[PDB]
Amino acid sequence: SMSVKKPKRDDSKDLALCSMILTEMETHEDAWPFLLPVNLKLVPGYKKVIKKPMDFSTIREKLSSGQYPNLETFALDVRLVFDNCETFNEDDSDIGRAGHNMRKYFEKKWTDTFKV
């Protein structure tokens, strides 16, 4: 509260670390569905159904331009990629399988990096 400062974790390396995680995501063999925005003129329904599209190139641009206030806002956008994927794609599809794999991959990096 006012003039009572709580201990806070050291956030000084967060940008570099989130960048490293994103790099690992981008170079994963199952990243292919997620590298660019879903093409809204080519995928019927996407624009209507998925209210907040997100993809790795958009996350990279945001990270490079200071558009994430903190590491949690970055994780929210990464998870949004996978949540969109599950909404639109059958779990039993190549893209649906890729999304599950990439989410698992991400979350373990996230825990290993930032949870002590």
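What we label the rigid core is the largest C-alpha set whose atoms superpose within 1.5 Å from one form to the other. So that there is no doubt, residue numbering starts at 1 and follows the sequence shown.
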Checklist outcome for this item: Note: with structures superposed on the core, the stretch whose C-alphas sit farther off in 8 other deposited structures of this protein, 95 to 103 or 6 to 14, is 6 to 14
Item to check | Residue stretch of maximal mean CA temperature factor, 96 to 104 vs 7 to 15 | outcome: 7 to 15
Checklist entry - Per the PDB record, is the mean Cα temperature factor higher over 29 to 37 or over 43 to 51? => result 43 to 51
Checklist entry - For the listed residues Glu72, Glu90, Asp83, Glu61, which one has the largest C-alpha B-factor as given in the deposited model? => result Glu90
